[PDB]
Each structure stands twice: as structure tokens, then as C-alpha cells.
Amino acid sequence: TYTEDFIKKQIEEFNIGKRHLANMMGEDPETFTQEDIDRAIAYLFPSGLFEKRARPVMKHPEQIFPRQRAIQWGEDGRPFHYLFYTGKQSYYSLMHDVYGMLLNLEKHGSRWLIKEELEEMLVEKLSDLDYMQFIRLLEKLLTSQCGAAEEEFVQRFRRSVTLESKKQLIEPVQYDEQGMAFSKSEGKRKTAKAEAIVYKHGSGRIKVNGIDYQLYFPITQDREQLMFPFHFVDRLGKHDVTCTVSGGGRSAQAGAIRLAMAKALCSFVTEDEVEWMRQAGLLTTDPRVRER
Amino acid sequence: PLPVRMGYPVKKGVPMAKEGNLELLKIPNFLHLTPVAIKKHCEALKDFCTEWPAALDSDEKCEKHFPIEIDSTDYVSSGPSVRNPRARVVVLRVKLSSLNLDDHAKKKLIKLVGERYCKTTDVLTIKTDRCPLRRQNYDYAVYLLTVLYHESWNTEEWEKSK
Amino acid sequence: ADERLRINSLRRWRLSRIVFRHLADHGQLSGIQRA
Amino acid sequence: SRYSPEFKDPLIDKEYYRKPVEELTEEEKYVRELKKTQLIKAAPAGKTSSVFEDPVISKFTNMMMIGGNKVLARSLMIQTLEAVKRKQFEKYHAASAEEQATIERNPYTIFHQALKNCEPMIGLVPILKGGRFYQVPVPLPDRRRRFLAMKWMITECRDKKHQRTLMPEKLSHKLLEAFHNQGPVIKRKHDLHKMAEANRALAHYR
Amino acid sequence: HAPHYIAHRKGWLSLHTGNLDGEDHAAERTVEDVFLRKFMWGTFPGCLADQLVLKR
Amino acid sequence: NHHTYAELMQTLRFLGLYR
RNA sequence: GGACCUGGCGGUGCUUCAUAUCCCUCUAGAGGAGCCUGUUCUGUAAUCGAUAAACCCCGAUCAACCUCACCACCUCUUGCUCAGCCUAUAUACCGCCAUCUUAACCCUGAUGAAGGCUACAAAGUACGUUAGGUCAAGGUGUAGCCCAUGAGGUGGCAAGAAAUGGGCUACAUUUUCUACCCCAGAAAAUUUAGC
Ligand SMILES: [Mg+2]
Ligand SMILES: [Mg+2]
């Protein structure tokens with residue numbers, strides 16, 4: 001266990017060490033910062049360890065040294081909280097506040113916080129049934145005509161979540177010397193690697209390594225693979241494509257080209273069409289590869 | 001004089017202190033090379049440097065006045081022995097357009113050398129590694145180029161029946 | 001030796017696998033980590 | 001599997017996405033909104049949004065495959081379709097005025113109907129209980145009978161009594177026989193429905 | 001720490017360029033390290049708190 | 001060389017500086 | 001002898017379901033020819049025993065008209081050099097591989113054995129071991145024979161039959177040959193795994 005004097009001495013030592021590092025690296029001690037501390041310690045003590053924690057670190061002492069020394073009564077022995085003798089003063093105080101809010105209201109994308117997060121915020125262990133009871137009270141408060149204050153109080157207890165459609169990268173539109181707009185992209189399938197350029201306007205001409213596609217791909221299956229992206233969004237004969245593929249076989253090359261050309265075509269279609277192409281499985285790299 | 005700590009903390013623990021820390025001792029530290037130290041060292045080492053001839057402003061004059069390019073490699077390993085067998089290799093590169101060759105001489109030189117000459121770049125590359133040392137291989141490369149030039153500028157009897 | 005080579009013309013760590021493992025497993029062989 | 005369980009299979013249907021929002025029911029709207037969150041597997045080489053895609057013929061081609069040689073299997077399938085088309089045209093030209101209304105020339109309709117005419121509805125399950133082996137009738141699921149039709153057709157076309165007759169020609173003849181409720185595959189369906197009729201009493205051993 | 005943390009949490013005691021691609025004499029360096037660890041542990045008995053670090 | 005290693009450890013041993 | 005407590009039941013059946021391993025289901029081959037081996041029987045006086053040590057120089061290969069081993073006969077020995085043998089021993093040591101062993105507190109029952117849960121909540125809280133293998137990429141000793149466990153010579157030896165175990169080849173029409181790398185021309189039943 002760490003005493004307050006120990007942490008105080010660590011603080012003084014950290015300040016002296018910060019000034020020493022600033023002197024070492026030639027920067028001014030006054031403006032020397034924690035990002036500078038991280039950069040300097042990484043440079044002076046290089047480390048390739050994957051675990052970022054394992055790598056040498058110089059931090060403010062309190063950031064490492066944890067503390068859960070919450071004293072609940074003073075010298076006279078009187079507890080600070082009027083619900084102390086319940087043993088769960090924080091939880092029952094919160095329940096009391098919620099009940100009072102419900103009484104007041106009666107007179108007038110996201111998730112519920114998990115049990116462990118409520119534990120961490122209350123700094124008290126609680127069972128599962130009492131967490132159910134608290135969530136039931138919160139839902140009851142939500143059902144009533146909760147006001148702005150009550151809405152904020154609930155929002156204290158509702159965490160967030162995200163989606164997986166905004167993470168789809170739409171490449172920027174570039175312009176060639178002639179002033180023609182286009183978009184470039186990459187695709188991968190097994191050992192085959194493809195790099196495609198899709199022009200905004202065209203006549204449906206696809207050039208694979210400088211060769212027309214029906215000549216580069218004799219097999220009808222590969223031509224259908226190349227057709228799939230434009231047919232899905234109904235833009236056959238409306239775009240020109242120039243793609244360069246390398247490695248793999250006929251089918252791996254066709255799949256890589258299909259992926260690259262779909263990722264390039266995402267720039268000229270609507271966001272709804274981008275999502276539909278994603279849901280059709282067109283914008284996803286296939287991770288199935290030969291196993292040892 | 002730093003409170004550097006290194007190590008994955010234990011549950012409700014801290015990264016190990018520096019005193020006795022083997023991990024901090026296992027790092028190849030750069031404490032002896034700081035920006036202040038580096039600047040001081042490079043300020044005192046300036047006395048040992050010459051100046052690039054200002055006439056050679058870029059490559060374009062650089063393959064003009066000094067056509068031949070000799071590439072040689074040196075290796076820094078760690079151990080009791082400095083010998084590395086790969087350091088004897090020498091690579092001479094010269095652009096054939098810089099050699100005083102006529103049409104017949106250029107044809108003969110190119111189809112003597114074969115794959116050593118790259119049509120795209122007009123560069124002939126002789127790689128010499130026969131001799132043990134590097135000076136011997138450099139001399140051999142120069143000798144090869146010499147004899148190659150002289151035998152390309154020579155028309156034998158069989159040369160008549162092109 | 002040389003005589004044998006002439007008449008013919010006329011016609012990674014060097015350790016045991018386990019000792020490698022102990023040194024390799026204890027981090028005593030540089031650069032050899034476990035995948 | 002290199003895919004996480006989170007990954008969901010893709011839906012290649014092209015007209016499904018074009019459905020106007022008004023037509024969507026609240027369950028369908030919920031499903032569509034859910035799909036945004038989910039990870040989708042890469043669409044495999046094979047099925048496409050092509051208007052000429054036919055899953056049944058694709059499955060038949062995959063079942064004729066030997067050693068991953070999809071080019072040769074698809075070659076045989078397209079040759080069979082062409083041969084059936086040419087035989088139907090030849091029989092259509094030589095037919096009388098009234099007989100030309102009852103000749104189907106579409107090889108896809110012929111293929112589908114021929115496979116449908118070979119589907120058994122009742123099959124058997126090998127079951128040994130009393131120390132002696134017993135067949136018992138069971139209802140075949142639709143997938144099982146669809147598979148059995150194709151398997152019987154392919155096994156019949158791979159017979160060795162057909163010496164040097166190439167597979168497209170054999171398969172076209174068998175398909176045209178089964179289109180008219182004839183041939184050994186229909187007889188194999190009938191000898192199964194009859195030999196499961198001879199064993200209705202064992203049906204209590206299910 | 002277990003061996004599978006040699007590049008994650010643990011480091012390397014011996015450090016030399018022998019094992020790198022192209023570099024030679026990795027076996028010689030290994031034998032040098034083996035003898036050297038044996039001799040250090042035999043010359044300072046009960047003094048070494050921790051393993052050596054052999055840098056080159 | 002197992003030899004050169006072997007006697008050196010045992011040679012130093014009876015001099016009183018190795019193990 | 002009366003009443004009670006903890007039990008164990010090394011437990012036994014049925015009911016319902018979870019019911020994955022194993023079933024059914026799907027794919028693929030695995031019988032047959034020809035040769036080489038493992039084991040058995042028979043036979044010999046003997047070993048179809050071996051080439052850091054021979055044929056064999058397309059692949060491989062058998063006996064070779066080689067040498068060592070074996071059988072029957074014989075010769076020499078102070079020999080080579082206070083000779084010589086690879087003969088044993090890790091069942092002597094080391095090295096190297098492998099086996100096996102190495103809680104407290106609080107309540108209840110009158111302070112008996114004993115018991116302690118209800119959430120719209122009613123006492124519960126916290127290193128050795130081995131008749132081990134390896135004398136081929138390694139060592140240190142120890143023993144044996146020396147008129148023979150040394151060195152030679154003359155002949156012989158080079159098997160036969162099954163039943164089963166394994167292995168190697170060719171086995172095709174969805175094939176083969178040429179051009180190309182895929183729009184051409186000519187040929188002709190048990191099991192066993194696997195998702
Ligand atoms: Mg032993
Ligand atoms: Mg013999």
C-alpha cells in the first residue's frame with residue numbers, strides 16, 4: 001500500500017526527472033510536455049515489444065499508482081453518509097434519488113450501462129438482482145414524461161455504440177491531365193493483387209494489363225465476375241476501366257479485379273448504392289487462403 | 001536521473017522500478033547520443049570534411065564529367081572476425097553512349113556483353129568477384145572493359161561475312 | 001583431404017534440438033521468438 | 001473457418017435492394033437497418049446478379065465436377081443445353097402444324113421439368129434394431145429429393161455400358177427421356193416408391 | 001514470464017547480429033553465449049541475482 | 001572444442017576460482 | 001434398550017428434455033496384375049549375412065567371376081614396428097536422447113449431534129530413476145586373445161513353399177498426342193479417411 005507521502009515524493013521526483021529529460025534532449029524545460037516525454041523516452045530507450053505497456057514509460061505518478069482508499073467516517077466516528085449502515089450507501093442513495101424523481105414526475109444507438117460499469121461508477125460491488133431493480137427504475141423513469149434534467153440523468157446511465165457502414169472508405173476523385181475525373185483503388189484475392197482505375201465517363205471498355213478483357217479472360221466465369229459490380233448498380237457501358245493485375249491464377253485475378261473495381265466505383269454512386277454493394281459482399285476482401 | 005519504469009504491471013500493481021530492472025538494462029539505450037551531444041560531436045567533426053565540387057550540381061553533369069560508376073559494399077557485423085566474403089564484389093557501370101564507338105563497334109560491344117548491357121538504360125554492367133580482394137576485382141573490371149573496347153574496335157577476318 | 005579432392009578430379013546453431021529449445025525458450029537466442 | 005461468426009452471408013439479389021421503402025414492412029425495415037451493423041462475407045466466385053443465373057444448373061454443374069475442374073464441367077453443361085436446344089429445333093421443324101404447339105424448345109424448362117419428374121417423395125432409412133437389418137419408409141425433405149434427382153441423373157450418365165458416347169450427348173438424351181416421364185431414372189423413382197410401398201408395415205419402427 | 005512473451009513482454013538476454021538474414025556465425029555466437037553463461041555462473045556463485053545480458 | 005572448454009573449467013577448479 | 005442427527009447410498013429404475021462424441025446423410029478412393037520385403041514351416045555342414053568396403057553407371061538392381069561374414073579342411077607365428085583384433089563394456093564413466101516420481105467471523109437449535117435460504121428478500125458476511133537407447137558426424141577409462149578373438153590358402157555357401165502385414169509401378173474418354181495455355185486438329189462387400 002502506498003502512503004500519501006510516497007506519492008508526494010514520487011511527484012517531486014517526476015518533476016525533477018522531467019526537467020532532467022528536457023535538459024538532456026535540448027528542449028526548454030518550461031514548455032516540455034508529456035507527448036515530448038513519450039517521444040524522448042522512446043528514442044533514448046528504443047523498444048520493439050508489441051505490448052505498449054511493456055515498453056518503457058515515464059508518466060505522472062498518479063496515472064499508474066491506483067487509489068481506492070475511500071474513508072467513510074471521520075475522527076469522531078460519525079459516518080459521512082446518512083445511508084452508511086446499509087453498507088451500500090452509494091447504490092441506495094442513487095435508488096432514493098431515482099424514486100424521488102419518479103415521485104416528482106408523477107406529481108407533474110445506445111445501451112444500458114453494464115453491471116461492472118455501474119460498479120465502477122458507484123465504487124461499490126452490487127449483485128445482479130439489485131442491478132435489475134435499478135434498470136427497471138430507470139426504464140420506468142424513461143416511460144414517464146421525463147424532463148430535460150431527467151433526460152440528462154438517464155443519459156448519465158446510457159452508453160453508446162457505433163455502426164459498420166461509415167467505416168467504408170470512399171476514395172477521392174482525381175483528375176487526369178486531360179481533365180477527366182477518375183478514381184483509383186486496390187484489391188486482393190489469394191496471391192493476386194489488382195490495381196484499378198475507373199473513369200467517371202466511358203463506353204464500357206475494360207483494359208486488363210493493356211489487353212481487352214474478353215482477350216485477357218477467355219473463360220466466361222471471369223467475364224461474369226468483372227460484370228457483377230456494374231450490373232449490380234446498373235452502370236454497364238457507362239464507365240471505362242484500366243486495371244493492372246499481378247500474381248495468382250485466372251480466378252484469383254478476376255476476383256481481385258472485381259474487388260478493386262468495385263472499390264473504385266464506390267466514388268461515383270450514391271451512399272445507398274455503396275451500402276447495397278457492401279451488403280452484396282462486393283466491397284469485402286476474401287480472407288480465405290491456402291492453409292498449412 | 002530519471003524515474004523511468006518498465007514492465008507490465010501486476011493486478012493492482014505498477015511497472016517495475018528502474019533499480020534492479022533487467023529490462024531497462026537489456027535495451028540498447030541512446031543516452032550517449034542526445035541531440036545536444038550529437039550537435040556538439042558534429043561541430044567538432046566538421047574539421048575532417050571536404051567540400052563536394054560545386055560544379056557537379058546534379059546528376060546530369062555527374063554522368064557527364066565522371067561517366068564510370070564503381071559500386072563497392074562493406075559490411076558491419078558483430079564478432080571477433082571482420083572478414084565477410086561478400087565485400088570483394090565490385091560492380092562497374094558505364095553508359096555505352098560515352099564510349100567512343102562507331103556503329104560496328106557498338107553492335108560488336110553489345111552482342112559481346114549480351115545480358116550485361118540493358119537496352120532500356122544504355123548501361124553496361126560488369127560484376128567482378130573472381131579475385132579475393134576488392135582492389136584486384138576493381139583492376140580486373142577495368143582490364144575487362146579495356147580489352148572489350150579494344151576487341152570491339154577490331155575487325156577480324158570472319159567479321160567480313162556479316 | 002586435398003589428395004582425396006585431387007584424385008576425385010582425375011576421375012544453423014549447431015546445438016541439439018532440446019538445448020536449442022531451452023536457450024530459445026528462455027530468450028537466450030537473439031531474435032528467435034515464438035510465432 | 002477464416003470468417004468470424006460475426007460475418008453474415010451476402011444477399012446477391014439485385015431487385016431486393018430496389019424495393020421502395022413504402023413496400024417494406026416494419027420487420028423488413030428493421031432487418032435492413034440491422035444489416036448495416038453486421039459484417040458481410042465476400043461474395044464467392046459463382047453466383048452473380050446476372051439475369052441468366054440459374055441456381056439449379058449451377059448445382060448440377062458443381063455435382064458433375066471432378067477435381068475442381070469447373071471449366072470442363074460448365075463446358076459439358078453448356079454443350080448439353082445446346083444439344084437439347086438443337087434436338088428440339090430439329091423435332092419442331094419436322095412436326096405438323098398442330099404438333100408444333102406442343103413442342104418445348106427452351107432447354108432450361110426441359111432441364112427443370114426433367115429433374116422435377118425424377119424427384120422421389122418417399123425414401124428409406126437403414127435401421128438395424130433387432131440384430132437384423134430393416135429398411136423403414138420416411139418422408140424425404142425437399143432438399144433431399146432434389147439432390148437425389150440430380151445424383152441419379154449423373155450416376156446414370158456416368159454408366160460404363162455407354163461406350164464412347166460423350167457425356168453431353170448422353171445427358172441430353174436422358175434429360176429428353178425424363179422430360180416425357182421415360183427412361184431408367186423414372187424407373188428408379190418408381191422402383192423406390194414401390195419398394196417403399198412393400199414396406200409400409202415397417203413404418204411403425206420410426 | 002513464459003517463452004511466448006520473448007517479443008511481447010520479455011526481451012532477449014543475448015544480442016548479436018549473427019542470426020540476421022545474410023549474417024553468419026550464429027552457431028559460434030550461441031556457443032560463446034553458452035560457455036560465457038556457464039563461466040559467469042561458476043565464477044560468481046550465489047552472487048548473480050538475475051541472468052546476464054550479453055551485448056556485442 | 002569440448003576439450004578446450006572441458007579442462008579450462010576443471011583446470012580453474014583446483015586453482016580455487018571456479019565453482 | 002428408546003428417541004434423534006449427519007449421512008453414505010462406490011446405488012437402482014423410470015419421466016422429460018440440452019443430446020454434442022457415435023448414427024443415418026455427402027465426397028473420395030482402398031479388391032485385381034507384376035516384383036521387393038516382415039513372420040512361419042521345411043532344408044543344409046554353411047549366413048536368399050553385409051559394402052564410411054564391391055558389381056552397378058538410363059532408371060533401378062540381382063547374383064558379382066571382389067573383399068569381409070559362415071561351413072569343411074589345412075599352413076605360419078616371435079611374428080610388424082615390446083606386434084596385431086575391432087573383440088566387449090555407456091550391464092564402466094561423461095556427453096546426447098528417452099521413461100517414471102517429486103480459512104476467518106457472525107447468528108440459529110435452551111450453547112446436543114447439527115444447521116444458516118426467499119429480491120415486493122425472512123442471518124448470513126468474508127532433483128532423483130533406469131540390468132533404458134545411442135561407440136555414425138563426441139570424448140575418458142576398463143577389461144579380453146596373443147603357437148590365436150592375429151595373418152594366410154584350398155573348396156563349398158548364394159536356399160524352397162505357402163498364409164497373412166507392409167511397400168513400389170500402370171490402370172483412359174470429364175482420357176491421350178500436337179499447337180496454345182482453354183473458340184483448334186488428330187488418336188482411340190466391408191471398411192478407411194475427409195469435411
Ligand atoms: Mg545401457
Ligand atoms: Mg553368402
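Hydrogens, waters and symmetry mates are skipped; everything else that's a heavy atom, side chains included, is used. Per chain, numbering begins at 1; letters A, B, ... match sequence-line order.
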* Should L115(D) and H112(D) count as side-chain neighbours, where that means a heavy-atom distance under 4.5 Å? -> no
[M] and [N] as Watson-Crick or wobble pair, distances under 3.5 Å:
N	M	answer
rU25(G)	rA186(G)	no
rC68(G)	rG49(G)	yes
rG95(G)	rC157(G)	no
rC168(G)	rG34(G)	yes

* To do: Using heavy atoms to find the nearest nucleotide of RNA chain G for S16(C) and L124(D) separately, return the residue whose nucleotide is more 5′.
  => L124(D)
* Which residue lies more 5' along RNA chain G, comparing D128(A) with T165(D) via nearest heavy atoms -> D128(A)
Can a side chain N or O of [X] be found less than 4.0 Å away from OP1 or OP2 on [N]?
X	N	result
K151(D)	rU27(G)	yes
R17(C)	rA98(G)	yes
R136(A)	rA119(G)	no

* Classify the side chain of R158(D) and the base of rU174(G) as holding, or not holding, a donor-acceptor pair under 3.5 Å. => yes
* **Close residues, residues 205-226 of chain A, relative to RNA chain G [heavy-atom separation under 4.0 Å]** => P218(A), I219(A)
What nucleotide among [options] has an atom nearest to a side-chain atom of [X]?
X	options	value
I66(D)	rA119(G), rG139(G), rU174(G)	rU174(G)
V125(D)	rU25(G), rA119(G), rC24(G)	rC24(G)
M167(D)	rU174(G), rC97(G), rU27(G)	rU174(G)
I18(C)	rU173(G), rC26(G), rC97(G)	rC97(G)

* How long is the line joining CG of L137(A) and P of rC120(G), in whole Å? -> 11 Å
* Structure fact -> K161(D) atom NZ is separated from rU173(G) atom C1', nearest whole Å, by 18 Å
* Aromatic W112(A) / basic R158(A) pairing, under 6.0 angstrom, 45° off normal -> yes
* Asked: When we call it a touch if two heavy atoms are under 4.0 Å apart, what does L166(D) touch: a base, just sugar-phosphate, or nothing?
  -> sugar-phosphate
* Structure fact -> Taken to the nearest 0.5 Å, the spacing of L138(A) CG from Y131(A) OH works out to 9.0 Å
